[PDB]
Each structure stands twice: as structure tokens, then as C-alpha cells.
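Architecture at a glance
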Amino acid sequence: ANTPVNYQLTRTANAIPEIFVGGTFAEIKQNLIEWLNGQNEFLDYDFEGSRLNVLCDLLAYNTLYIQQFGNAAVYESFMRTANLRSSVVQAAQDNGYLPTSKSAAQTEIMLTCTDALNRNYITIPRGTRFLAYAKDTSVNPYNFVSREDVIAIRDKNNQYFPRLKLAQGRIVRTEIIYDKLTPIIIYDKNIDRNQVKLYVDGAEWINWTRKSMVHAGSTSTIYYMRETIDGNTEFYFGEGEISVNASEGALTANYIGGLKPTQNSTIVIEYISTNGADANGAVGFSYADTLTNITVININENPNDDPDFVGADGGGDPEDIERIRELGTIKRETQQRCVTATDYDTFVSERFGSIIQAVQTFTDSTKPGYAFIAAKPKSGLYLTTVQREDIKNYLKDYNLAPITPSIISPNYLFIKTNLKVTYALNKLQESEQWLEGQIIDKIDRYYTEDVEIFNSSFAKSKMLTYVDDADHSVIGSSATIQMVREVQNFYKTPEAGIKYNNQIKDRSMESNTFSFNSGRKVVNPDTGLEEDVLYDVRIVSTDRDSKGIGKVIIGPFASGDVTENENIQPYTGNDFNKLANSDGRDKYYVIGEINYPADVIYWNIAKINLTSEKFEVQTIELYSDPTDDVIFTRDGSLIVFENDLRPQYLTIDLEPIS
Amino acid sequence: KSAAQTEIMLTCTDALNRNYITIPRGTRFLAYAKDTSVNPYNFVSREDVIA
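Scoring rules and cut-offs
- Residues numbered from 1 in each chain as written, not as in the entry; some residues may be left out.
- Chains lettered and ligands numbered in written order.
- Part of a larger assembly, values for the part shown.
- Heavy atoms only, no water.
- UniProt positions renumbered as here; feature names shortened; annotations may be inferred.
- Helix = DSSP H or I, 4+ residues; strand = E, 2+ residues; numbered from the N terminus.
- Buried < 20%, exposed > 50% of the residue type's maximum accessible area, 1.4 Å probe, protein only.
- Polar contact = N/O pair within 3.5 Å; in protein donor to acceptor, adjacent residues only side chain to side chain.
- Contact = heavy atoms within 4.5 Å.
- Salt bridge = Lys/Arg side-chain N within 4 Å of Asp/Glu carboxyl O.
- Domains from an automatic or database assignment.
- Buried area = accessible area lost by both parts, 1.4 Å probe.
- Pairing = 2+ DSSP bridges.
- Axes fitted to C-alpha atoms, helices over the stretch in contact; angles between N-to-C directions.
- Parallel < 35°, antiparallel > 145°, perpendicular 65-115°, else oblique.
- Left-handed = near helix turned anticlockwise from the far one by under 90°.
- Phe/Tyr/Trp six-rings, centres within 6.5 Å; stacked < 30°, edge-to-face > 60°.
- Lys NZ or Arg CZ within 6 Å of the ring centre and 35° of its normal.

Determination of this PDB entry was carried out by cryo-EM to a resolution of 6.77 Å, according to the record.

Chain B has the name Baseplate wedge protein gp6 in the PDB entry, where Enterobacteria phage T4 is given as its organism. Looking at the PDB record, one finds the entry titled "Cryo-electron microscopy structure of the star-shaped, hubless post-attachment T4 baseplate".

Per the PDB entry, the recorded name for chain A is Baseplate wedge protein gp6, and the organism is Enterobacteria phage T4. Quoted verbatim from the Function (literature references left out) heading of the UniProt record, the comment on chain A is "Baseplate protein that is located next to the tail tube (inner baseplate). Involved in the tail assembly. The gp25-(gp6)2-gp7 module is involved in sheath contraction." Its UniProt record gives chain A a comment under Sequence similarities, which states: "Belongs to the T4likevirus baseplate wedge protein gp6 family."

1. Quick look at the side chain of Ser508 of chain A
All names here are of chain A. Structurally, the position occupied by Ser508 is in strand β20 (residues 504-511). You can call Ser508 buried: its relative accessible area is 9%. A polar contact of 3.4 Å, which involves the side chain of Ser508, links it to the backbone oxygen of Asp625. Ignoring sequence-local partners within four residues, the contact set of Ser508 consists of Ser541, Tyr623, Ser624 and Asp625.

2. Quick look at the pattern of salt bridges
Residue and element names in this part refer to chain A. Tallying each qualifying case throughout the model produces 19 salt bridges over all chains. Residue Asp575 is joined to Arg507 by a salt bridge in which the shortest nitrogen-to-oxygen separation is 2.4 Å. Note that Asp575 is positioned in the loop between β24 (549-553) and β25 (590-595) and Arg507 in strand β20, a separation of 68 residues in sequence. You can call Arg507 partly exposed: its relative accessible area is 26%.

3. A few points about the side chain of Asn232 of chain A
All names here are of chain A. Relative to the elements of secondary structure, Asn232 occurs in the loop between β10 (224-227) and β11 (233-236). For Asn232, a relative accessible area of 2% translates into the label buried. Only 2.5 Å separates the side chain of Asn232 from the side chain of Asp230, close enough to count as a polar contact. For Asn232, the contacting residues outside a window of four places in its chain are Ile185, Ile186, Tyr187, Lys189 and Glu227.

4. Looking at the domain arrangement of chain A
Size of an interface, as often reported, equals the accessible area lost when the parts are brought together. All names here are of chain A. When its domains are assigned, chain A resolves into domain 1 (103-169 + 275-315), domain 2 (170-274), domain 3 (333-410) and domain 4 (411-658). If you average the C-alpha positions of domain 3 and of domain 4, the two centres end up 31 Å apart. Across the boundary between the two partners, domain 3 contributes 10 residues, which contact 10 residues of domain 4. Interface of domain 3 and domain 4: buried area, both sides summed, is about 820 Å²; carbon and sulfur atoms make up 58% of it.

5. Things to note about the sheet that holds strand β1 (residues 106-115) of chain A
Residues and elements named next belong to chain A. Sheet architecture is open: five strands sit in the order β3-β4-β6-β1-β13, paired in antiparallel fashion. Where the open sheet ends on each side, the last strands, each with one partner, are β3 (129-134) and β13 (294-301). Between one strand axis and the next, the sheet turns through 45° on average, direction left out of account. Pairing geometry for β3 and strand β4 (residues 137-146), over six bridges, is antiparallel. Residue pairing across strands places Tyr133 opposite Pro141, the latter belonging to β4.

6. Remarks on the pairing of β11 of chain A
Residue and element names in this part refer to chain A. In the sheet, strand β8 (residues 184-186) pairs with β11 via three bridges, with the strands oriented antiparallel. Residue pairing in the sheet places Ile184 in a bridge with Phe235 of β11. Bridging between β10 and β11 involves four bridges; their strand directions are antiparallel. Its bridge partner being in β11, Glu227 is matched across the sheet by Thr233. Following β10, the chain reverses through five residues before pairing antiparallel with β11; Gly231 in that reversal takes a positive phi of roughly 105°.

7. A short note on the packing of helix α1 (residues 25-36) of chain A against helix α2 (residues 50-77) of chain A
For any two helices packed against each other, the geometry comes down to the angle between their axes and how far apart the axes lie. Residue and element names in this part refer to chain A. The interhelical angle for the contact between α1 and α2, taken along N-to-C directions, is 120°, at an axis separation of 9 Å. Between α1 and α2, the interaxial angle falls into the category oblique. Remark: the crossing between α1 and α2 carries right-handed chirality. Packed against α1, whose contacting residues are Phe25, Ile28, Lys29, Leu32, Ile33 and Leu36, the element α2 presents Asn53, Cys56, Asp57, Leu59, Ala60, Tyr61, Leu64 and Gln67 at the interface.

8. Describing helix α6 (residues 341-350) of chain A
Residue and element names in this part refer to chain A. Among the 10 residues in α6, seven count as buried, and that is most of the element. Every buried residue of α6 is accounted for by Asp343, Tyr344, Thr346, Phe347, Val348, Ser349 and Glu350. Looking at the buried positions of α6, the neighbouring elements they touch are α4 (321-325), α5 (327-333), β14 (359-362) and α7 (385-397). The positive-phi residue at the C-terminal boundary of α6 is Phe352, with phi of around 65°.

9. Points about the packing of aromatic side chains
For any pair of aromatic rings, the description rests on two quantities: the centre-to-centre distance and the angle between the ring planes. All names here are of chain A. Within this structure, the stated rule accounts for 31 aromatic pairs over all chains. For the pair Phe347 and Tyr394, a centre-to-centre distance of 6.0 Å together with 15° between the ring planes defines the contact as stacked. Residue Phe347 is located in helix α6, and its partner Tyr394 is located in helix α7; the two are separated by 47 residues in the primary sequence. A relative accessible area of 8% places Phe347 in the buried class. A centroid spacing of 5.7 Å and a plane angle of 50° characterise the contact between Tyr446 and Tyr466, whose relative ring orientation is tilted. You can see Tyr446 sitting in helix α8 (residues 432-449) and its partner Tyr466 sitting in helix α10 (residues 460-469), a full 20 residues away along the chain. Members of the aromatic cluster, each reached through a chain of ring pairs, are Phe490, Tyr491, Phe514, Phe516, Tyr535, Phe557, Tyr589 and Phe615. Above the plane of the ring of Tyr394 lies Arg351, whose end atom (NZ or CZ) is 5.6 Å from the centre.

10. What to know about unusual backbone geometry
Residue and element names in this part refer to chain A. A cis geometry characterises the amide bond from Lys260 onward to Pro261, with omega recorded as -25°. Residue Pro318 is reached from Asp317 by a cis peptide bond, and omega for that bond is 0°. Secondary-structure assignment places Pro318 in the loop between β13 and α4. Positioned with a positive phi, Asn158 is a non-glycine residue whose angle comes to about 75°.

Listed below in C-alpha cells is the structure:
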């Protein structure tokens, strides 16, 4: 049982050559005090004689003074032992992967605008800026600028919408005369290397490195980045044989490194510094820069709706040492082109790393040719379809040819909770309400501290610890969870059904109430025709049955709603839970069945023959209460904290106490 | 000399309609001495109180 051993594994989890380890001074002396002892020159001198002792005592002080220099450098010297972050990037940058500066809040708009000139084609030139208030705050909009040129066909009726996508900040372009001996610094903070583009005289060069990088451009066009230890970015390009080497495709051969400069190739670069990570979820937009003859009659948010979405994107801290540290090793491991699934993990982690807290690369053995991806928008659970499309194509750049990237947000276990938390009034002068605003931070803290990381077993209580930890003037804290999944088809279970991975109490399997259109007719004075009647139902589990099974009981039905079949009967069992309706309609059918041990849950509404369309809503939320304390996750099913988008899943009651 | 001391209850509507306002320690009130309104005698909230 557990782990038997033969002298197994190696050297803890990770190398500590540990001659380097800083020890306690006294011990350091204690070691060294021995050192001077046994020294052939004198075996006589007693060190515990306080006279020599303090003298030797001093040697250690310097020796300790000097050691942490010698030791820390090693931690520094070796990535993943590097304690300095600007260290970490260096080896990472060296490994062929860099962390980036905060990455502009980005979005798309379509806007319908009439040109006053009625020309066939207007362009939106790159660099028109728009304003967006951050969510719920109009005090200031966040400026953001047209990413690139875009033109639009004038539709007939003369009004036509262009569409374009938007990153946040201001276009900031600077020309520089290049010179042989000189650094090329941008001292700009809020810079992000991903929105950095430049022009040598004329044509654009790309840092090969995550811009294009496979095109006929022959690599003569190129340059690099680097991070000044200061925190500002300096430019770099390869000098001399800037292409691979020698003669290559040219018949004349000789040597070209470019950028002599003398004055040649005056370098003009163009970039956006940004306020980002603060701008996420900026919904209200403005058209903040006018053009000749173009007038936006409407700017309408979010083409191709998710439908659940927020304003902009992006931003970023930028920096985290933990996600960055090991990571580049995989990029150090992998080549540029992404090959391995985790190579697709780490590669995706490069670009939209600030978009994605966690990305799950996997194959679905069913569909080959598709790279199946489960990622965290980290602002939310759902990358807007353009993002999905966006990184996809960009990702798709690095990939095996027949392979296709396929990104889907996996299903998400939802933890539906009412919280009961007590505090002493007197104990806190601070505004009660804001306390709730406090805890509501510290709740996701645990998540971000834990749950999204591994998507392992989830501890309710352990979560409640930190929210307990919040005010310390909180007297007590309580909560109750309802494990919640969302369903895409009310009508038919997914083939495999649905499983909780987690034991639930019998009969504690619930669902959402929802109306149902019933063909029967309603008329009321002044109402007139009134279509027909519709009432609501919900999905009900019957009791546990022997062999841990249950049959899915449909919501209550009025008489004549469902054509009665000799096969299908009103379940009309004693047990099954029932909502209380004004109808008193007692017709209940089995639409399907479950078993509690397997946690697997199936039904089909084809069973009851009831028409899909006589239901109004396509998706229903799923309610259940796991009998077990902690929540287990397996695959693609992860508990997560999104309160803002889905507050009804998170509720907190506040108990004032004197 | 030991400050003239009293208690008040006062009914006050919060414009904000928050559940609990405090009266922070140190809000000052005026009281005319008996029969003389020429000057009130300032006096101050002794301590915080919430309602």
C-alpha cells in the first residue's frame, strides 16, 4: 500500500546544490570556528576564549555578508531558482519565450456610419481613437484607438457599416535615426511589445518572434526586443549577415547586415501605451475621433454576439513570476512551431497570456485534425467568438498543416451559494456594505489562489476560510453550496448524459423552472386572441431507487397538454419533488433517468413526444446538491468563480451583530 | 471644571438611506443657556453612535 521504495527518485523535487545554502550565522561561525581549529599552525588556541571568539566571530560576519552575494547569484544564475523577475525573463527571453508588458484592452466594433461625401469607399485610417467608460463608471472613458485601416463598401440606401477591432491606448509613434553605437530605448511605460510595430525607412520589419514570422520576407527584415533591467523596452535587430548567412538566394552574394546606418534607414516605430487590465468590461463606447466626411450614425456593440460578453479585453498586470517561471522551459523545450499539446498550452500562454489565466490543450479522440482547447478568458469563462477566431488563426500559424485548432470553452461546474456571515457592529467603524465588497474580493482570491489552477477537488470550507479571514471583525461566516451545471439542450440530454464526478443526495437533483408553451387557448377580456396558454415546468429527480438510480420527473402538466399514450403515463409517483403551481396540475412524466453512484444523468424529451419548440428557452441551468463535502473535478468540468456575470450563482447574507 | 453634560435622542433621516449611519465622536451641538439666546453653548458628541 502507498509507496514502497528502493532508494528511488532523486534529490528532492528540484536541484539545490546546497553547498550554496545560506546557513545561520552562529552555525556559520560554528562551522568556521571549527575550521580555524585543527589548523596545524596552532592546535593550542582556545576559541571559546572570548578574545579570539569575537575576532573569529567577525570573520563569519563578512563571510556571511559575502555568502548571500555568492549564493543568491546562483538562485539568480539558474532559471526557476531565479528570485528576481527581470532575471526570469532574461533566461526566458534567452529560452525563446518572453513575458510581455500589460497588453492593451482589445475589442471589435462594427459601426454604421454615413459618409457625407457618399464616396464608394471610405477607409477608417489606422489610429482613430474611441472612448469607452469602464463598466458602471462614466467618470472617465478609456480611450482606445483604431488598430488598423479598414474600408467599407457603400451599401445602397447609402448607409453602410464598416467594422473594425479596437485595442486600448493611444497610437504613439517615434522616428529615430538609427546609429551604429547607441542603445535604442523606449522609456515608455504602459508599452506592450505585442502592439509594437515599426517602420524602418519605408517597409515594416517584424521581430520574428510572434509577428507573422513565416512569409517570403526572407528574414532580412527582422529585429528583436529586450527588457532593460530598468523596466523599459529597448529595440534590437540582428547586425551583419542578418539573413542566415552568405550567398543564400542572391547571385551577387557579398555581405548585407543592413542599417549602416550612416543616416540610412531612419527608424520610425509606432506603438500604444495602455492603461489596461483596468479597462476590461468597458461597454459604452464613443466615436472619439472625427474624420473627413464620415459620420457615425450608430456604433453598435459586439457584432456576432456571444451573447454573454463584456467591453474590451486584455490589459494585464503585466507580470507574474510563477506562471512565467517554469513555462518558458516548455518553450525552451519546444521549438518555435508548436507541436505538443502542452506545447499548444504554453504557446497559447504566450499571446493572450493576459487573456488566459489557464488554457487546456487536449485532443478529442473522436475528431482528428482538430486541436481542442479549453481556456480561461480570465476576465470571464467565455472568450468572445472573435478572440476564439483571433488567437486560433494566429495560433494556427504555428501548427501541423492537416491539424486544425479548435477552441471551445468547456462546461463549467458552478458553485451556487448563499453565505451567512456575522460581524460585530461596534467592532467595525467601517461601512458595513463595503465589508461585503471586501469579502466579495477575497472569495475569488481563494479561487484564483486555488481552484482554477489545478481544477482539482474543491473545498467549500477552505474557501470559506479566507472570506472568514476578511474583516476579523466578522464574527462568523457560513455558506451552503448548490453544485450547478449548465445545459445546452433541455430537449435531449447530451448523448453521454451528464455526470457530476461528485456524489449528490438523492432527490436533491433539481433544475430550473421554465415556461412551456401549451397548445391550449387563453383569452381574457381586453386581451383578445392571446395566442394560447403557456405555463412553466422544471426538471425533477425522483427518489433514489435501489441500485442508486432515479428517473427524471418532468415538471407538472395540465390535463390535455400532453397527449396520453398507452406507453407513456403520468408518473404519478408518491416521492418525486414538485414545485407549487397555481395550476395544481398533477401530471408528471418520466422524461429520462439517472443513477446516483455513476452521477450520470440522461433524459430525452422525444420520450414524451413533446415538441422542442413548444419550449421557449434552449438552455437551462442545472441544480444539484452534492452529498459530499468537497467537489471533485475531472476533465473539462471545472468549478470556477464568476460572480459578476452570474451573480445569481453567488449570494451572501450579512448578519449584523452588536 | 467638569463639562456640562446631557443626552439627546434625535430623529434624523439619512439622505443616503443606508442601513446604519454612525454619529462619529466629535459632532458639536449648540445650546442657549436658560432664557438667554444671545449665544448658544457649543457642546460636542461624546462618542460614536450608530442607529
